[PDB]
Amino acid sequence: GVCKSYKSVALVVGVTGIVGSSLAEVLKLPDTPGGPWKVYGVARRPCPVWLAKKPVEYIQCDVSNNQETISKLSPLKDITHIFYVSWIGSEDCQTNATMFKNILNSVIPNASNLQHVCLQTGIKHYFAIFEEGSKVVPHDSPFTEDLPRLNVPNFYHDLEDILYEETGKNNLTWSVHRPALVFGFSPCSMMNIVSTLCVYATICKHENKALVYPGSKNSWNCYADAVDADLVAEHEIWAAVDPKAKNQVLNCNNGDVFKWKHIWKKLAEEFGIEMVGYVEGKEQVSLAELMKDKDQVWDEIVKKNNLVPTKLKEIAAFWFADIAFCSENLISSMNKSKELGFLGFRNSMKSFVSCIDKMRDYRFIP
């Protein structure tokens, strides 16, 4: 037979991640802009069982290794769009920069029809965290894309600088996407809040305990925002395909706000367990500390419920919930995207529930 024809060919760098895994789905929908799409998906681990049944060409590659990345990605002559949706899992500016440089250096010389590079960073562009994750200290929200860089180390700055330099030299278009806190479904993310809170709720249910809110008063009551992973995928695809969006820094959030107190009530309802909300006068406690000895409990839950096998430290990021629960004043603006014609949105309460439903559907959570 004949080789399949595609309109566009994606390289999704971080296909097992919270946004990469959504791109693996969204790119294959029949009405997705730029379709039909071929999808190459890169990650360091062997292809997990939960991605092996998707029509994605999986490439196992440690992208921090230059020779390996050249060997694995230089043959992919047909790539038209790169979606860089990865990070190394630390704040190290040099090691994160290596990963992204290796992707560009391996693909740019080999993919003659390459058009566009999408770089995913985040709203942490706009604020700093000090004192071991305990002092989140933002200025000037609602955050807009005209705000200047803070005079601090931030690997996002290094990634942007590489993006601008390499795309400019090679007559490629670029986009920088700055998602809000992501609501998604991947059980292999280093920062998946919905999975983290579903794991906590599951452990509470298993132990006949209430869903006890561990966070600060401020984070219980403040306005917060987030972004569905599928909306980030849609936004990245929009910028990849629509000429109006080219060569732009763009925030990405669901378009609305929510409060954690309301999310908490829904989470308890979803798991059929009692809620203990914020108690006046109580200081935040560490969810990471509450959960530090639960690896074996999680293993038993997996077995008892016949879940996809996951390790507690991989499916959940309790440390990340602890940061969320001492954060306030982090709202970002979607005006720039809307004014450029991107009117995608989600109802955040519905998005949170959609992610629970999906993780249950996929047997990541009971």
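Counting begins at 1, following the sequence as shown.
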Report the stretch with the higher mean CA temperature factor, choosing between 72-80 and 187-195 on the basis of the entry. 72-80
Look over 254-262 and 236-244 in the entry and identify the one with the greater average Cα temperature factor. 236-244
Return the residue from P309, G341, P33, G41 that has the highest Cα B-factor in the entry. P309
Tell me, please, which of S112, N102, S175, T202 has the highest C-alpha B factor according to the deposited entry? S112
Tertile call for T121 (CA temperature factor, within chain, third-based) is the lowest
Among the modelled residues of its chain, does the C-alpha B-factor of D161 lie in the lowest, middle or highest third? middle
So, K336's CA B-factor, relative to its chain, sits in which third? The lowest
Among the chain's modelled residues, which third holds the C-alpha B-factor of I129? highest
Taking the entry's C-alpha B-factors for this chain, is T98 in the lowest, middle or highest third? middle
